[PDB]
Amino acid sequence: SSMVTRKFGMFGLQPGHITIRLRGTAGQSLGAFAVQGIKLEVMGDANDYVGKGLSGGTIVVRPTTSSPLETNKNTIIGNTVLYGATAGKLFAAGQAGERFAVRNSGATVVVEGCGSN
Amino acid sequence: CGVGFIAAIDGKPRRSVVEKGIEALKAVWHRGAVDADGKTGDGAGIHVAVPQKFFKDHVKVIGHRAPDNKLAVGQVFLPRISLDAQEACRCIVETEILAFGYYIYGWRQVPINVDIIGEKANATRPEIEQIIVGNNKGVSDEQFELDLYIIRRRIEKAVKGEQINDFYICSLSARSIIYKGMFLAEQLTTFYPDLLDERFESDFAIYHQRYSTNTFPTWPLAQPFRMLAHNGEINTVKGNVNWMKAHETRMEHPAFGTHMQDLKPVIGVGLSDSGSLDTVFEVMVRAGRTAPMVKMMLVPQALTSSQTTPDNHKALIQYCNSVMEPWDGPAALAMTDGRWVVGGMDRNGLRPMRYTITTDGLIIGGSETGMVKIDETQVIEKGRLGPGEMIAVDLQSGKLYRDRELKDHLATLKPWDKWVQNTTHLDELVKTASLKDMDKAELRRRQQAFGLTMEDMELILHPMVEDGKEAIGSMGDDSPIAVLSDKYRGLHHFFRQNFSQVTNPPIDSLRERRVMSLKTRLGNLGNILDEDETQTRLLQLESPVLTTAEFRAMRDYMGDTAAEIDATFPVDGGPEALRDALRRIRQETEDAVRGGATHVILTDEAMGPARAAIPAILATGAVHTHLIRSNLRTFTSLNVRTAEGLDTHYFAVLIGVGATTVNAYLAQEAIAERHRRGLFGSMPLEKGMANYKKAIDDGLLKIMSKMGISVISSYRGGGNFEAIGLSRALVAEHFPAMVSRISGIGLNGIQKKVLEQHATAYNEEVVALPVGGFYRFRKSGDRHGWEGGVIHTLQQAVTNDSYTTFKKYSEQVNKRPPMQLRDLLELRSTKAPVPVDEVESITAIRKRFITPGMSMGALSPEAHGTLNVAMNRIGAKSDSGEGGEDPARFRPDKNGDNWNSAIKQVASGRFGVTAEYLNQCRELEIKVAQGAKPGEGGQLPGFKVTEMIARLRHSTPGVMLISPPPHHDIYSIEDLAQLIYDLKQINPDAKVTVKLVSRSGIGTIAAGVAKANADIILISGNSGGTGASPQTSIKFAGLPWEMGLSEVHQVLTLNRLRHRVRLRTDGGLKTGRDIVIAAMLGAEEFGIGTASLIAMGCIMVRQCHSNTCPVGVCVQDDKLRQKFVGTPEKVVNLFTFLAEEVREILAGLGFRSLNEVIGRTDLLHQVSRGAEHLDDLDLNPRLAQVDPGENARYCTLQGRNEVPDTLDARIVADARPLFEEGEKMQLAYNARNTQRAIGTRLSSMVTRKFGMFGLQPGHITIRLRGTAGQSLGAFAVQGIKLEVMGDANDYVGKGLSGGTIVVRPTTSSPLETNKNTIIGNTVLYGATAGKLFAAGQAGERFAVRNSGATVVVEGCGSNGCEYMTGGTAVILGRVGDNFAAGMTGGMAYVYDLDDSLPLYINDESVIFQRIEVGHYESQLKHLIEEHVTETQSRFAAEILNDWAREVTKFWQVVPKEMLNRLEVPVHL
Amino acid sequence: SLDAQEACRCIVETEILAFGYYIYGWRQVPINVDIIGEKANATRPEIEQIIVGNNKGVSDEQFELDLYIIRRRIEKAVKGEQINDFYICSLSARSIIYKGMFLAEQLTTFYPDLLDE
Amino acid sequence: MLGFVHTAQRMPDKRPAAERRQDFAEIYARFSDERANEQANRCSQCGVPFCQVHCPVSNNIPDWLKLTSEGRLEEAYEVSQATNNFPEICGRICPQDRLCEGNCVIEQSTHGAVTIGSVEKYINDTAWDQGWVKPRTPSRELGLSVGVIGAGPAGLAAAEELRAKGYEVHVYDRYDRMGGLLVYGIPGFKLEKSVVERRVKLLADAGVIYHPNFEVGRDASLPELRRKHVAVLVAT
Ligand SMILES: Cc1cc2nc3c(=O)[nH]c(=O)nc-3n(C[C@H](O)[C@H](O)[C@H](O)COP(=O)(O)OP(=O)(O)OC[C@H]3O[C@@H](n4cnc5c(N)ncnc54)[C@H](O)[C@@H]3O)c2cc1C
Ligand SMILES: Cc1cc2nc3c(=O)[nH]c(=O)nc-3n(C[C@H](O)[C@H](O)[C@H](O)COP(=O)(O)O)c2cc1C
Ligand code: SF4
Ligand code: SF4
Ligand code: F3S
């Protein structure tokens, strides 16, 4: 994100100009400060603080194709998702955590069930 | 690599000849391969006369009184490591010489300096010594030499009787001496100081510098041989050896005597091809003939049916063709008797030969022209050697003889026209005698017995009767190999056709049919040393294929001399009935030939419900091998009547085994039965049989040309095939020398198959043949590799992203019963499994796969672009193909789409090659052959080429484009090294890659290409796809890629050369298991190819060539292109799935990356089927492991290989003002023949800086003095001018694009401009644009594949403007032979002076006339005026002066397809 | 070389099959070349084994005598072609021989086959 | 002989519902002869044919397609009826929109499936009119006793095959008219009973024994039928 910000700026690349797929379980702070043009897609579950400081990017979480679970009856991401994001999208499938989308301004998020506050 | 010779025309010995020979050998360091050790070489040699004064002084100093007559010196190589073997060799040679009462003077040890030889060659150095022998009997010198030769033969035999290894007599004679060894070329005079005395003097000197193919040396196999110094290879080395072993039993001459019995096996064992050529040459010369006579009788001139040759020469050619089988192959011979010295070329004239005549009576000939230093004020004439020509020097009378006069002197001796007319040809004999039929039930029963289908039978035979050309396939083969096929298969499927790749290039049978002859002789075998009228008394047939009428004529002509042999075995016989029948027919044939009968005819007409038919292949093989081993083949011709053969491959494999003529009758009755119902229309049966015979002739010619053999008489009985799946003992006893790398079924399996087929044929009541499923899929049987369900599964899995569906796909594919070799190998380990997360990331695996090239002509542009985009998106390397690339794609799109191709191809066509096209890449690839059409090269149909295709390929719209089979600039491995040098010069940052096809004997080729500074090898399987190709070439050409890969890996790690290359393969890589096994066997990269196409939308309809693919992959019409469905994401998903599958397999195995598994062959095992009854296929030779040692099994180096710098460096430093300011620059230099690729790196620099058309013509100007090396001005862009004073070597203007090259003799030259050669062969190969004004004659294949360039030359060689497509060519002077072959574009103006053009020109697709319009006359005048302005050619000015009468002197030649496409009609 | 190996294989096969015994197959002896000196590794030949079965149902003595005749005939035949470095160490059904140019202390580490129970 | 490049798919015919609403015969007409020669010329002989792999009998479609495209209707009829029994009715009743004409590569590329069922009907029509059909009676009758239950298509095909082998077949059924439910279950609106009567008379001509209006549940039982023959087939 820093490299592409120095190269093309905040909104220099059209959406989806570079896409990344991640298998397994993502660590903390997935996609911190991702500018427009990046797309991340993780199959599995994210830990915490996912999508912090999002500005223009795109994050996608989803259970893998062999999941015997139920989507809207389990947890898939952590707490304080999208702390102070400016623009971008976040599509998930599952129950988020507490303090979901605090101080959000401009982002577009779609979640199946969430927690307190 | 190269030969050379120097001779004194007058015939007085001197020191200058030897000195010039040493000087010439001092300047051949650039052709041969370069070693980094600086010590090792390939082996060199020199050959001179004996300096009697030196040896007389020696023996005088010893103490003896020097005898007054000639002495004799014999050079020997004895063992060195031991002492006792030396004593044995010495006592042997001494007793053999003293058995003839001669006088032995003594030995002599040669002082040497062994510090210059490398450590690899010093390990096998033999003790070199000389022996001196006088003449105390006072006999003549001819008998002296003959006795010495007999003594040499007997010594060789005796020392062979004691198994004393490493003993070799170089040359025992009284006239000549030979200094040869395994050192370098230049350092010769520092290893043999005996050549540094001023007493050594000789009137002739021959020299050779060879090009080895393996890192291991061998002293007794270095040129020149005892009577010869040959350069090149030999295509027909098995057939000639077998036929000579047949001829041995009837060679007798009173010149030898009783000692003749000692010379029975003339061709020794364990010698090179040129060694056998030399030994038979010497055996024939010692009989009495002269050197030109035997040379003309061994490598004859191509007999053409024209009127340019007199009749005496024609009779001579017929006689020499009737005497002995030829020896075809690329050969530049420089041979010498004691009296004559001859130098000549082969039939085709591939390797060059250029000579020079000085005023001092000195002739200097060699492969290059600027080797020795000769002033311009001493030469008289420079000449070249064309096809079959020869130049001789007679030492006795001291005379020179050119081609015509030497041929006339040879024809002067004997009355040939009084002997050739003793022959008989069967055209009128059958025509006059001809003018003097079965039930459909029995026909169906017999066909079912042999197992011919119904659908396929009338699908591959119908075009042969209706049209007369074999059918054209559409996609790669996927049927199982013969041994694993469940249903019955003939014997012919077990034989694969050979083909030569680089070591000797093929010959185009479609454009060079003049050197092709199918004549056959019956009753010509006789004594090879006797000459009489009785020899040329025989029967001659114009074609080996015969119908029923011709066969009846031949048989009832032979009369009582024939003897039929039944070829059937009892069905009720026990398990060993087949072997008993074989023994019976062998004994019957031997007894029949002994009983006076001199002709044998095999027949199986007695086939019925009681006796089964012996396979024809096995029968004729057993009979021919038995007749050879019993010394009776020389008395009898062999004919076979088969009842199975239908297609050309069967006849090819039946002739190659040793038959002479065949009459496949059942095809004829089937054709008649078809015609009687009125299916072929209105064609009479005569026309049908004629077309059938013509198609078979053309197919057999194609199969012969596929390996560079132009004469049928030498291909007969040679055994040029490969057996894949036959038992070793079977093919080693009842077949000629043929190698089967894996054992196969023996006799029991074949008998079981024939018996079960016979039972299911006769014992029931059949009605119609089965539908057949060989060429196309049917529900009956003949399992394939791609069926409907698997295709749909793959397509759904790639379009739905369901990886579980892809796993189900892989399980469906791997579940099928065995069909390939890679389905008989299991893999195991010993460590514990490792979880899949520890395996390296998916992307590091996806970046390894590549997409093999696919020509833009084959498939629509949409598919090409989609593949390129997807592959460049994931990060791998896609490929472009042969059809070039659109320039507008050389930049990324606005949406981040990269449509360019990362790998570029340099194929045999050179269609779209261009200086700009070679810099938009990362790696260049060289195409030799592919898995479908290994011999005939890529082809493109007529209605496919659109206007866009014509623009891409610089051609005419709507014309059939077929690429020439051989690379016109790769005629030997040295040419390959030169081409790699050229490619690495023109591109300063790309890699080069060769592309081979897996076949036996690929190890030496692998080592050679590894020595040729290549980067990446490509072993392509035998099951690859193709746009279009003949059916037989698809089904029966190539070998499985496992065999080739294993062989290459073993032979390439044995020579310690594995750490400099990168092996890559493709062909039938469907799932991950195949990729893992291939990586274990030695692969490093992988090409998927056809599978990817099915992911894009293809559904394997197998109609690529018909321009009607319903999906829209391979079509050029606009409507069908709208039906495209592909998407750049499907290929991405397919590659991701493949990578994940490989990851899973590797994790379950217990490793973490492919780097730790490449070469670990021990992981594999072979399992087999129990009750399959198949004799187990021993796959161990492919699973054998050779230890590399310290070097890793996959070890490699970053960056491309290095290469020495040419003159271009010195050019790009001085031209810096141009590259920094754009200021004009003019330079001059002295260029020797060593410097290669002059003016190429500057072309690359100026292309990268400004472009191609960025500079005005004449911005940078360069002048050269002397002789420029080969490939002068390769890819010269517009804006560069190169004027060289002197002469160019060869390949001048290869791939010229916009430049301007001018050659000229210097002002101090007293020669005529239009009577002296100045440039070599294949000038302007694939030229695209530019100008070339030459002053002098041109070599062979002038302006071949020229398209766009403007060339003006003074004379040419044979086959000029071969396959021309564009541009202008102005020839001033005599043309060669077969001019304008297959020309399709452009126009030519030939300067006629003798009205001899119609005798030479080819009127296939061009028309010639007189100049008609003043417009073309003015254009020709402009061309001549510019040519005069450039080089100041005097003869050109004199042509210009007499315009009014010289206008009507020229002839204009134009293609038959550019007439109506012209803007101004040439004819009023 | 490699082509000479094929000639040797076909020689021994066509000479063994001339009597009636059925071949089971070959086997490459797993070795470890690293414990070889320099003068020995320069002239180390390939070591292979062949397995033959007595399907004729004959006594042991005729089997041994027939194998001896086979060995002599094979030696003569291969001498007929002047091939170099071809040596049948031992061909029988009673004993086997493991010999080489290595030292005496590394034998069990040259031929690991001798370490099985 | 590709054809599908410029030509277009065209059914035989279809009578409009103004008068079709009242009859009970078939609504489709026999295929025109020149229309037959044209539509047969439409297939591309797709290698690895999907047309065959989906037809549950897997008859050799492209072969007789090519033949009918060129002629020689006798050879084409022979190679058609070789592997498929009852072609006249199978090519008329089977839902080719999902079995055979639903997977032709021409249709998969959205060009329009080649009318396979119509050509099957045509080639089975003219073959019977001129009389190139003979009952497959055996030679050297083996001699045994075999019987089937139910005159449906399965039983009829089994009986035809067994009579071609040379056994003695016996057909039992409850209904009075033979031929399974083709004369009682399938409405005449979709299949005229004339062709079923013709085929069943041809079958009877081969030497097939009938036992109309029988029941295995009441009139007889399984031990009786088993003892009366060598083996019994159950197509109830
Ligand atoms: C376009 C189309 C329309 C279709 N329409 C229909 C439809 O309307 N109805 C339908 O059912 N299927 C229909 N089908 C399906 C198809 O016709 C049948 O599935 C098929 O004909 C049944 O064949 P069968 O082998 O069961 O023969 P059947 O005809 O079912 O064989 C049964 C025969 O045995 C007799 N039998 C029954 N019980 C006994 C017994 N205990 N002892 C002795 N004899 C006995 C019966 O009287 C009858 O003669 C249709 C198919 C298509 C393609
Ligand atoms: C439709 C098609 C066109 C091809 N065109 C070329 C070509 O123009 N030049 C070439 O060298 N190989 C060509 N090939 C062969 C591939 O380069 C490659 O060698 C082969 O496809 C690999 O084997 P595979 O069939 O398993 O993919 C073509 C293959 C196909 C299927
Ligand atoms: S339906 Fe398609 S695949 Fe089948 S025969 Fe016709 S054209 Fe060929
Ligand atoms: S309509 Fe014809 S081709 Fe299709 S399934 Fe029925 S019988 Fe087979
Ligand atoms: S079979 Fe050929 S015509 Fe196209 S759809 Fe496949 S490449």
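Going from the start of the chain as shown, residues are counted 1 onward.
Method of determination (from the header): electron microscopy, 3.9 Å.
Placed from the backbone N, Cα and C atoms, the Cβ positions cover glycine too.
Straight from Swiss-Prot, the features:
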ACT_SITE  B:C1  active site, for GATase activity
BINDING   B:1045-1102  FMN binding site
BINDING   B:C1098, B:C1104, B:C1109  [3Fe-4S] cluster binding site
COMPBIAS  B:886-896  compositional bias 'Basic and acidic residues'
DOMAIN    B:1-396  domain 'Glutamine amidotransferase type-2'
REGION    B:876-897  region 'Disordered'
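All features noted in Swiss-Prot, drawn onto the structure.
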| residue | record | Cβ contacts under 8 Å, 6 or more apart |
| --- | --- | --- |
| B:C1 | active site, for GATase activity | B:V28, B:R31, B:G32, B:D42, B:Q209, B:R210, B:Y211, B:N231, B:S367, B:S972, B:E974 |
| B:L1045 | FMN binding site | B:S998, B:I1019, B:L1063, B:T1065, B:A1078, B:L1081, B:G1082, B:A1083 |
| B:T1053 | FMN binding site | B:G1159, B:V1186, B:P1188, B:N1191, B:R1193 |
| B:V1061 | FMN binding site | B:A1010, B:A1014, B:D1015, B:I1016, B:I1017, B:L1052, B:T1196 |
| B:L1069 | FMN binding site | B:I1075, B:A1078, B:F1086, B:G1087, B:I1088, B:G1089, B:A1091 |
| B:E1085 | FMN binding site | B:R848, B:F849, B:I850, B:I1016, B:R1062, B:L1063, B:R1064, B:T1065 |
| B:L1093 | FMN binding site | B:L859, B:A863, B:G1025, B:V1113 |
| B:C1098 | [3Fe-4S] cluster binding site | B:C1109, B:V1111, B:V1113 |
| B:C1104 | [3Fe-4S] cluster binding site | B:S474, B:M475, B:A858, B:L859, B:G1027, B:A1028, B:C1114 |
Spatial neighbours of the region 'Disordered' (B:876-897) far in sequence, C-beta under 8 Å, 6+ residues away: 846-858, 861, 864-865, 867-870, 903-905, 907, 909, 911-913, 916-917, 920, 922-923, 925, 927, 938, 949, 952-953, 963, 1135
Which of B:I1077, B:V1101, B:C1109, the listed binding-site residues, has fewest other Cβ atoms within 10 Å: B:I1077
Assigned element (helix, strand, coil) containing B:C1104 ([3Fe-4S] cluster binding site), judged by DSSP: coil
Output field, [3Fe-4S] cluster shell: CB within 8 Å of site CB centroid, site B:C1098, B:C1104, B:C1109 dropped: B:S474, B:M475, B:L859, B:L1093, B:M1100, B:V1101, B:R1102, B:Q1103, B:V1111, B:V1113, B:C1114, B:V1115
Neighbourhood of ligand 5 - binding-site residues from B:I1077, B:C1098, B:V1101, B:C1104, B:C1109 with Cβ under 6 Å: B:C1098, B:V1101, B:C1104, B:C1109
Binding-site residues (B:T1053, B:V1061, B:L1093, B:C1098, B:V1101, B:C1104) in Cβ proximity to chain D, threshold under 8 Å: B:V1101
Secondary structure at B:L1093 (FMN binding site), reduced by DSSP to three states: helix
DSSP residue counts for the compositional bias 'Basic and acidic residues' (B:886-896), split into helix, strand and coil: 3 helix, 0 strand, 8 coil
Secondary structure of B:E1085 (FMN binding site) (DSSP, helix/strand/coil): strand
Secondary structure at B:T1053 (FMN binding site), reduced by DSSP to three states: helix
DSSP-derived structure type at B:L1045 (FMN binding site), helix or strand or else coil: helix
